[PDB]
file entry_14.cif (mmCIF, C-alpha atoms)
data_protein
loop_
_atom_site.label_atom_id
_atom_site.label_comp_id
_atom_site.auth_asym_id
_atom_site.auth_seq_id
_atom_site.Cartn_x
_atom_site.Cartn_y
_atom_site.Cartn_z
CA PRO Y 1 -74.72 -47.61 4.85
CA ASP Y 2 -75.28 -50.95 6.60
CA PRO Y 3 -74.29 -52.29 10.02
CA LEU Y 4 -72.66 -55.38 8.55
CA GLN Y 5 -70.28 -55.04 5.61
CA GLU Y 6 -67.48 -57.33 4.48
CA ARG Y 7 -63.99 -56.36 3.33
CA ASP Y 8 -63.71 -56.11 -0.45
CA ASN Y 9 -60.97 -55.62 -3.03
CA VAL Y 10 -62.45 -52.58 -4.76
CA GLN Y 11 -61.10 -49.19 -3.69
CA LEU Y 12 -63.32 -46.18 -4.46
CA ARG Y 13 -61.49 -42.88 -4.10
CA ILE Y 14 -62.38 -39.30 -4.98
CA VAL Y 15 -59.91 -36.87 -6.54
CA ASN Y 16 -60.57 -33.12 -6.46
CA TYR Y 17 -58.11 -31.02 -8.47
CA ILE Y 18 -58.01 -27.34 -9.42
CA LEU Y 19 -59.52 -26.53 -12.83
CA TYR Y 20 -56.87 -24.17 -14.20
CA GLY Y 21 -53.15 -23.95 -13.58
CA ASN Y 22 -51.79 -21.71 -10.84
CA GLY Y 23 -50.68 -18.24 -11.91
CA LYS Y 24 -52.54 -18.23 -15.23
CA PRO Y 25 -56.12 -16.88 -15.24
CA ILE Y 26 -58.32 -17.93 -18.16
CA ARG Y 27 -60.96 -15.72 -19.73
CA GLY Y 28 -64.36 -15.93 -18.04
CA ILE Y 29 -67.51 -16.13 -20.14
CA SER Y 30 -70.27 -13.68 -19.27
CA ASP Y 31 -73.01 -16.31 -19.67
CA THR Y 32 -71.34 -19.17 -17.77
CA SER Y 33 -69.52 -18.76 -14.46
CA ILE Y 34 -66.12 -20.38 -13.95
CA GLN Y 35 -65.73 -23.47 -11.75
CA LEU Y 36 -62.94 -22.72 -9.28
CA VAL Y 37 -62.88 -26.13 -7.56
CA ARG Y 38 -64.11 -29.42 -9.03
CA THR Y 39 -64.34 -32.99 -7.78
CA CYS Y 40 -64.32 -36.45 -9.36
CA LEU Y 41 -64.54 -40.09 -8.31
CA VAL Y 42 -62.24 -42.85 -9.58
CA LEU Y 43 -62.38 -46.64 -9.31
CA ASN Y 44 -59.02 -48.40 -8.92
CA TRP Y 45 -58.48 -52.01 -7.85
CA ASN Y 46 -56.46 -52.48 -4.70
CA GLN Y 47 -52.87 -53.25 -5.64
CA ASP Y 48 -50.48 -55.58 -3.84
CA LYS Y 49 -47.13 -54.07 -2.93
CA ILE F 1 -64.90 -38.49 -61.31
CA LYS F 2 -65.98 -41.71 -63.02
CA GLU F 3 -63.28 -44.12 -64.17
CA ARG F 4 -63.59 -43.44 -67.83
CA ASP F 5 -63.22 -39.75 -67.39
CA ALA F 6 -60.10 -40.26 -65.38
CA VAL F 7 -58.36 -41.95 -68.23
CA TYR F 8 -59.61 -39.31 -70.71
CA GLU F 9 -58.30 -36.36 -68.70
CA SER F 10 -55.24 -38.08 -67.27
CA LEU F 11 -56.51 -37.95 -63.70
CA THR F 12 -56.25 -40.48 -60.89
CA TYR F 13 -59.30 -42.45 -59.72
CA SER F 14 -59.35 -42.13 -55.95
CA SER F 15 -61.30 -41.84 -52.75
CA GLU F 16 -61.40 -39.16 -50.05
CA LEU F 17 -60.66 -39.78 -46.38
CA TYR F 18 -62.37 -37.55 -43.88
CA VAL F 19 -61.64 -38.04 -40.20
CA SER F 20 -62.80 -36.15 -37.08
CA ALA F 21 -60.42 -34.19 -34.83
CA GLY F 22 -60.26 -31.71 -31.95
CA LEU F 23 -57.62 -29.25 -30.84
CA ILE F 24 -57.52 -27.74 -27.41
CA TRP F 25 -55.31 -24.72 -27.83
CA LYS F 26 -53.23 -24.64 -24.69
CA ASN F 27 -54.40 -21.13 -24.00
CA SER F 28 -58.10 -21.68 -24.78
CA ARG F 29 -59.28 -24.65 -22.64
CA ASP F 30 -62.24 -25.16 -25.03
CA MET F 31 -63.03 -27.69 -27.79
CA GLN F 32 -63.53 -27.25 -31.55
CA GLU F 33 -64.35 -30.28 -33.69
CA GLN F 34 -64.42 -30.72 -37.47
CA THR F 35 -63.68 -33.49 -39.95
CA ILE F 36 -60.55 -32.85 -41.89
CA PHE F 37 -59.85 -34.00 -45.41
CA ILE F 38 -56.66 -35.90 -44.83
CA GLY F 39 -56.16 -36.97 -48.43
CA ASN F 40 -56.85 -39.26 -51.36
CA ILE F 41 -56.43 -43.05 -51.39
CA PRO F 42 -56.54 -44.85 -54.76
CA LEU F 43 -59.30 -47.31 -55.73
CA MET F 44 -59.10 -50.61 -57.61
CA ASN F 45 -61.27 -51.98 -60.34
CA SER F 46 -62.39 -55.54 -59.74
CA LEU F 47 -59.94 -56.75 -62.34
CA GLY F 48 -57.21 -55.56 -60.05
CA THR F 49 -55.86 -52.49 -61.66
CA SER F 50 -55.44 -48.93 -60.42
CA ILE F 51 -55.69 -45.84 -62.66
CA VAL F 52 -53.08 -43.33 -61.62
CA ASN F 53 -52.35 -40.23 -63.73
CA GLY F 54 -54.03 -41.94 -66.68
CA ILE F 55 -52.10 -45.16 -66.54
CA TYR F 56 -53.34 -48.62 -65.71
CA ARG F 57 -51.06 -49.94 -63.03
CA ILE F 58 -50.66 -53.29 -61.31
CA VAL F 59 -48.85 -54.41 -58.13
CA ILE F 60 -46.89 -57.62 -58.21
CA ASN F 61 -46.47 -60.07 -55.32
CA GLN F 62 -43.11 -60.77 -53.61
CA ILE F 63 -41.56 -63.78 -51.90
#
call {"tool": "encode", "arguments": {"input": "entry_14.cif", "output": "C-alpha cells"}}
result
Amino acid sequence: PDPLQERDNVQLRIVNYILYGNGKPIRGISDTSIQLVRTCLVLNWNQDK
Amino acid sequence: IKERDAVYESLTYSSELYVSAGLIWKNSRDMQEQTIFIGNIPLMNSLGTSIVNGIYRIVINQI
C-alpha cells in the first residue's frame, strides 16, 4: 500500500463460492477434511458500458 | 504388424490413437485420468498406397 497511487484500468476482484451444491452432501474422506468455504481471485479488465 | 504380413493375412496396416481424458462423475467430485484407445487410423507407404483388408488402395483427386 502506498500513499500515492494512480487510477488504472485493471480490476482485481475476489470471488468466494461454496464448494458443493446446497442440499447435497458429498462423502467426506477420513484422511482429508472437507473445505466448506473457499475463495479465489480473478483478473478482469474494466469494461465500458 | 509389418506391411508384408498384413497382405499375407488379409489385415489392414494401421496406427493406434491414444488420447488422455478425465471424467468427473457428477456424484463423485473427484478426477480419474487415463489414455483411451480411440481407434485405428490407416498408414500410407511412401508410394502413396494404403493396405486395407489385404488390398492396395489409392485415393484419387477431385476438381
call {"tool": "residues_near_point", "arguments": {"input": "entry_14.cif", "point": "(-66.8, -30.4, -8.6)", "cutoff": "10 Å", "atoms": "only C-alpha atoms", "output": "MDAnalysis selection string"}}
result
chainID Y and resid 15:19 35:41
call {"tool": "write_last_selection", "arguments": {"input": "entry_14.cif", "atoms": "C-alpha atoms", "output": "PDB file, in the coordinates of the input"}}
result
ATOM      1  CA  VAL Y  15     -59.910 -36.870  -6.540  1.00  0.00           C
ATOM      2  CA  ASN Y  16     -60.570 -33.120  -6.460  1.00  0.00           C
ATOM      3  CA  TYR Y  17     -58.110 -31.020  -8.470  1.00  0.00           C
ATOM      4  CA  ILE Y  18     -58.010 -27.340  -9.420  1.00  0.00           C
ATOM      5  CA  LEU Y  19     -59.520 -26.530 -12.830  1.00  0.00           C
ATOM      6  CA  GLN Y  35     -65.730 -23.470 -11.750  1.00  0.00           C
ATOM      7  CA  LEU Y  36     -62.940 -22.720  -9.280  1.00  0.00           C
ATOM      8  CA  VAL Y  37     -62.880 -26.130  -7.560  1.00  0.00           C
ATOM      9  CA  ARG Y  38     -64.110 -29.420  -9.030  1.00  0.00           C
ATOM     10  CA  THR Y  39     -64.340 -32.990  -7.780  1.00  0.00           C
ATOM     11  CA  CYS Y  40     -64.320 -36.450  -9.360  1.00  0.00           C
ATOM     12  CA  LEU Y  41     -64.540 -40.090  -8.310  1.00  0.00           C
TER      13      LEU Y  41
END
call {"tool": "resolve_selection", "arguments": {"input": "entry_14.cif", "expression": "the PyMOL selection byres ((chain Y) within 9 of (chain F))", "output": "VMD selection string"}}
result
chain Y and resid 20 26 to 27
call {"tool": "resolve_selection", "arguments": {"input": "entry_14.cif", "expression": "the PyMOL selection byres ((chain F and resi 12) around 8)", "output": "PDB file with C-alpha atoms, keeping the file's coordinate frame"}}
result
ATOM      1  CA  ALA F   6     -60.100 -40.260 -65.380  1.00  0.00           C
ATOM      2  CA  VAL F   7     -58.360 -41.950 -68.230  1.00  0.00           C
ATOM      3  CA  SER F  10     -55.240 -38.080 -67.270  1.00  0.00           C
ATOM      4  CA  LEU F  11     -56.510 -37.950 -63.700  1.00  0.00           C
ATOM      5  CA  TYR F  13     -59.300 -42.450 -59.720  1.00  0.00           C
ATOM      6  CA  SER F  14     -59.350 -42.130 -55.950  1.00  0.00           C
ATOM      7  CA  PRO F  42     -56.540 -44.850 -54.760  1.00  0.00           C
ATOM      8  CA  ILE F  51     -55.690 -45.840 -62.660  1.00  0.00           C
ATOM      9  CA  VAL F  52     -53.080 -43.330 -61.620  1.00  0.00           C
ATOM     10  CA  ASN F  53     -52.350 -40.230 -63.730  1.00  0.00           C
ATOM     11  CA  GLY F  54     -54.030 -41.940 -66.680  1.00  0.00           C
TER      12      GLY F  54
END
call {"tool": "resolve_selection", "arguments": {"input": "entry_14.cif", "expression": "the PyMOL selection byres ((chain F and resi 34) around 9)", "output": "PDB file with C-alpha atoms, in the frame of the given file"}}
result
ATOM      1  CA  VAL F  19     -61.640 -38.040 -40.200  1.00  0.00           C
ATOM      2  CA  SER F  20     -62.800 -36.150 -37.080  1.00  0.00           C
ATOM      3  CA  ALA F  21     -60.420 -34.190 -34.830  1.00  0.00           C
ATOM      4  CA  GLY F  22     -60.260 -31.710 -31.950  1.00  0.00           C
ATOM      5  CA  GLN F  32     -63.530 -27.250 -31.550  1.00  0.00           C
ATOM      6  CA  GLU F  33     -64.350 -30.280 -33.690  1.00  0.00           C
ATOM      7  CA  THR F  35     -63.680 -33.490 -39.950  1.00  0.00           C
ATOM      8  CA  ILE F  36     -60.550 -32.850 -41.890  1.00  0.00           C
TER       9      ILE F  36
END
call {"tool": "residues_around", "arguments": {"input": "entry_14.cif", "residues": "residue 47 in chain Y", "least_positions_apart": "5", "cutoff": "12 Å", "atoms": "all atoms listed in the file", "output": "compact mmCIF listing (two decimals) with C-alpha atoms, in the coordinates of the input"}}
result
# COMPACT_ATOMS: atom_id res chain seq x y z
CA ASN Y 9 -60.97 -55.62 -3.03
CA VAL Y 10 -62.45 -52.58 -4.76
CA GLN Y 11 -61.10 -49.19 -3.69
call {"tool": "atom_distance", "arguments": {"input": "entry_14.cif", "atom1": "CA of residue 39 in chain F", "atom2": "CA of residue 25 in chain F"}}
result
24.0 Å
call {"tool": "closest_residue", "arguments": {"input": "entry_14.cif", "among": "F:1, F:63, F:31, F:55", "to": "residue 15 in chain F", "atoms": "all atoms listed in the file"}}
result
F:1
call {"tool": "atom_distance", "arguments": {"input": "entry_14.cif", "atom1": "CA of residue 60 in chain F", "atom2": "CA of residue 4 in chain F"}}
result
23.9 Å
call {"tool": "residues_around", "arguments": {"input": "entry_14.cif", "residues": "residue 42 in chain Y", "least_positions_apart": "4", "cutoff": "7 Å", "atoms": "only C-alpha atoms", "output": "VMD selection string"}}
result
chain Y and resid 12 to 14
call {"tool": "atom_distance", "arguments": {"input": "entry_14.cif", "atom1": "CA of residue 43 in chain F", "atom2": "CA of residue 3 in chain F"}}
result
9.9 Å
call {"tool": "decode", "arguments": {"input": "entry_14.cif", "residues": "range 15-30 of chain F", "atoms": "N, CA, C and O atoms", "output": "PDB file, in the first residue's frame"}}
result
ATOM      1  N   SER F  15      -2.497 -47.489 -37.571  1.00  0.00           N
ATOM      2  CA  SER F  15      -1.819 -46.911 -36.428  1.00  0.00           C
ATOM      3  C   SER F  15      -2.814 -46.670 -35.322  1.00  0.00           C
ATOM      4  O   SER F  15      -3.978 -46.445 -35.598  1.00  0.00           O
ATOM      5  N   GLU F  16      -2.369 -46.685 -34.070  1.00  0.00           N
ATOM      6  CA  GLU F  16      -3.283 -46.551 -32.941  1.00  0.00           C
ATOM      7  C   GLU F  16      -3.263 -45.190 -32.284  1.00  0.00           C
ATOM      8  O   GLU F  16      -2.207 -44.682 -31.955  1.00  0.00           O
ATOM      9  N   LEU F  17      -4.434 -44.602 -32.078  1.00  0.00           N
ATOM     10  CA  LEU F  17      -4.523 -43.286 -31.457  1.00  0.00           C
ATOM     11  C   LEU F  17      -4.901 -43.392 -30.002  1.00  0.00           C
ATOM     12  O   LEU F  17      -5.949 -43.923 -29.664  1.00  0.00           O
ATOM     13  N   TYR F  18      -4.053 -42.878 -29.130  1.00  0.00           N
ATOM     14  CA  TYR F  18      -4.325 -42.910 -27.715  1.00  0.00           C
ATOM     15  C   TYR F  18      -4.372 -41.482 -27.257  1.00  0.00           C
ATOM     16  O   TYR F  18      -3.433 -40.730 -27.475  1.00  0.00           O
ATOM     17  N   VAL F  19      -5.465 -41.096 -26.626  1.00  0.00           N
ATOM     18  CA  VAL F  19      -5.607 -39.719 -26.137  1.00  0.00           C
ATOM     19  C   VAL F  19      -6.021 -39.699 -24.690  1.00  0.00           C
ATOM     20  O   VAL F  19      -6.751 -40.578 -24.251  1.00  0.00           O
ATOM     21  N   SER F  20      -5.564 -38.714 -23.922  1.00  0.00           N
ATOM     22  CA  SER F  20      -5.918 -38.609 -22.486  1.00  0.00           C
ATOM     23  C   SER F  20      -7.248 -37.956 -22.152  1.00  0.00           C
ATOM     24  O   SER F  20      -7.579 -36.910 -22.701  1.00  0.00           O
ATOM     25  N   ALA F  21      -8.005 -38.560 -21.237  1.00  0.00           N
ATOM     26  CA  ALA F  21      -9.278 -37.956 -20.792  1.00  0.00           C
ATOM     27  C   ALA F  21      -9.683 -38.132 -19.325  1.00  0.00           C
ATOM     28  O   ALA F  21      -9.228 -39.058 -18.672  1.00  0.00           O
ATOM     29  N   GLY F  22     -10.522 -37.234 -18.821  1.00  0.00           N
ATOM     30  CA  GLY F  22     -10.950 -37.308 -17.436  1.00  0.00           C
ATOM     31  C   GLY F  22     -12.440 -37.132 -17.285  1.00  0.00           C
ATOM     32  O   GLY F  22     -13.041 -36.285 -17.939  1.00  0.00           O
ATOM     33  N   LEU F  23     -13.047 -37.943 -16.429  1.00  0.00           N
ATOM     34  CA  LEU F  23     -14.477 -37.835 -16.197  1.00  0.00           C
ATOM     35  C   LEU F  23     -14.713 -37.510 -14.758  1.00  0.00           C
ATOM     36  O   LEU F  23     -14.178 -38.177 -13.872  1.00  0.00           O
ATOM     37  N   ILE F  24     -15.502 -36.476 -14.511  1.00  0.00           N
ATOM     38  CA  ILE F  24     -15.863 -36.148 -13.148  1.00  0.00           C
ATOM     39  C   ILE F  24     -17.299 -36.584 -13.037  1.00  0.00           C
ATOM     40  O   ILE F  24     -18.194 -35.905 -13.536  1.00  0.00           O
ATOM     41  N   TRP F  25     -17.525 -37.723 -12.393  1.00  0.00           N
ATOM     42  CA  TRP F  25     -18.875 -38.232 -12.263  1.00  0.00           C
ATOM     43  C   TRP F  25     -19.566 -37.155 -11.489  1.00  0.00           C
ATOM     44  O   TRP F  25     -18.986 -36.608 -10.550  1.00  0.00           O
ATOM     45  N   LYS F  26     -20.811 -36.851 -11.835  1.00  0.00           N
ATOM     46  CA  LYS F  26     -21.467 -35.725 -11.193  1.00  0.00           C
ATOM     47  C   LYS F  26     -21.519 -35.966  -9.700  1.00  0.00           C
ATOM     48  O   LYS F  26     -21.262 -35.057  -8.909  1.00  0.00           O
ATOM     49  N   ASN F  27     -21.832 -37.188  -9.307  1.00  0.00           N
ATOM     50  CA  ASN F  27     -21.838 -37.513  -7.898  1.00  0.00           C
ATOM     51  C   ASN F  27     -20.479 -37.435  -7.217  1.00  0.00           C
ATOM     52  O   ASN F  27     -20.366 -36.884  -6.128  1.00  0.00           O
ATOM     53  N   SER F  28     -19.439 -37.954  -7.851  1.00  0.00           N
ATOM     54  CA  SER F  28     -18.119 -38.032  -7.206  1.00  0.00           C
ATOM     55  C   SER F  28     -17.313 -36.790  -6.830  1.00  0.00           C
ATOM     56  O   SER F  28     -16.697 -36.780  -5.765  1.00  0.00           O
ATOM     57  N   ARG F  29     -17.274 -35.772  -7.686  1.00  0.00           N
ATOM     58  CA  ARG F  29     -16.429 -34.584  -7.440  1.00  0.00           C
ATOM     59  C   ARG F  29     -14.952 -34.939  -7.264  1.00  0.00           C
ATOM     60  O   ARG F  29     -14.270 -34.342  -6.435  1.00  0.00           O
ATOM     61  N   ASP F  30     -14.456 -35.900  -8.042  1.00  0.00           N
ATOM     62  CA  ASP F  30     -13.046 -36.311  -7.982  1.00  0.00           C
ATOM     63  C   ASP F  30     -12.585 -36.644  -9.407  1.00  0.00           C
ATOM     64  O   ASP F  30     -13.421 -36.874 -10.283  1.00  0.00           O
TER      65      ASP F  30
END
